[PDB]
Each structure stands twice: as C-alpha cells, then as structure tokens.
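Heads up: numbering here begins at 1 and tracks the sequence. Numbering of ligands and ligand atoms starts at 1, following listing order. All values below come from the heavy atoms of this structure, side chains included, with hydrogens, waters and symmetry mates left out.
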Amino acid sequence: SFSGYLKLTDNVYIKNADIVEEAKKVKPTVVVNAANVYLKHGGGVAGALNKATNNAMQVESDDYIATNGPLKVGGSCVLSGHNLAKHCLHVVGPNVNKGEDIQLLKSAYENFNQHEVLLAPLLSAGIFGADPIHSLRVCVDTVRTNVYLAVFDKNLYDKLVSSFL
Ligand SMILES: C[C@@H](Oc1ccccc1F)C(=O)O
C-alpha cells in the first residue's frame, strides 16, 4: 500500500514521485490519468502511463472514443488500469493553454469522489498550463475521498508543501 506520503489534510496526501513508478509499486485500485477529451495519451502523465501499458491503454481508449465520442472537459471515464492499477480513472482537467475555463478544475476533481481511494496527479498542472498551487487548493477543497498525490517535479513538490495553507 501507499508509503512515504506527507499528510496535508484528513484525506489528501502528497509525495514527490513518478506516478508510473508509484502505480507499478502499489498497484492501486484506481490510478488517475491526466486525460484530454479525446483520450489521446501523447505526453505528460497520459503519455507516461500509456507507454507503461505498452500502448494497451491507448488501444482501449480509441475503442472507448469510437463507441462513446469524446469526454467533456471536467468529465471522466473508468477504464482498465492494465498492469498499473485495477482501474484507470481518465479525468479531463481544463487545459488553459487551449483557453479552457479554469473553473472546470473543480468539476474535474469532483470525479475523484466516486472512488474511495486514488493515486493521482495534480489536475490541469504541468503541460495543461494551470498553476499547480491552485490545483492543489482545489483538490483539498473538493475531494472528500482518500487521494494520494504523486508530484513528479521535486522543486514543485517542495514549493507545494512549503506554501500549503
Ligand atoms: C504537475 C507537474 O508539474 C511539473 C512537471 C514537470 C515539470 C514542472 C512541473 F511543474 C508535476 O510535477 O507532477
């Protein structure tokens, strides 16, 4: 199970870790993917999770999109976790680099409330363009279930912990 996490609140924990390495180690029930509406797992967390599954996550995602169409920004879908987790909760946070409404980040985090425990990245942070300090604040103010946040960047992890209020 989860180890070496810093407790931020009653239900939010954080660690400086590669979410792929963390998923392979723990084999959580749910690993969250930082997805886009098309489930095109090209870069960031999505590209790294997909590569770890030997592209099985992308093949499965393309079948999902062919059947259901794209997700909504702020929405999610539950797919297989392949070799990384029981399930992968693909959550679409707003991409501010594409002019998506940052207010949709709270709706994106609300998807975590349907799962008792999750391994997750900070939504809309990194290549999605939003402020990670703001993403952590929305996470702790929205998620009520047990969330274990994996922050890849050490300098960001330190800044998130030192500025947490
Ligand atoms: C949210 C994401 O942020 C970064 C990733 C890579 C470089 C810089 C970052 F600020 C993370 O560390 O998990």
(request) Output all residues satisfying salt bridge (charged side-chain N to carboxylate O under 4.0 Å, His left out) with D62, sequence neighbours left out; order by chain, then residue number. (result) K40
(message) Please identify which of these residues, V147, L123, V32, meets the side chain to side chain contact (heavy atoms under 4.5 Å, CB included) condition with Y109.
(response) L123
(message) Listing request: all ring pair (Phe, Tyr, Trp, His ring centres under 6.0 Å) pairs with a residue in residues 19-51, at least two apart in sequence or in separate chains.
(response) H41-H90
(request) Could I get the full list of salt bridge (charged side-chain N to carboxylate O under 4.0 Å, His left out) partners for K159, not counting sequence neighbours? (result) none
(message) Please output the residues near ligand 1 using a strict heavy-atom distance under 4.0 Å, listed in chain and residue-number order.
(response) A125, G126, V151, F152, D153, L156
(request) For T145 and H115, indicate whether the former's side chain and the latter's backbone hold a donor-acceptor pair under 3.5 Å. (result) yes
(request) For the residue pair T29 and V117, establish whether any side-chain heavy-atom pair is separated by less than 4.5 Å. (result) no
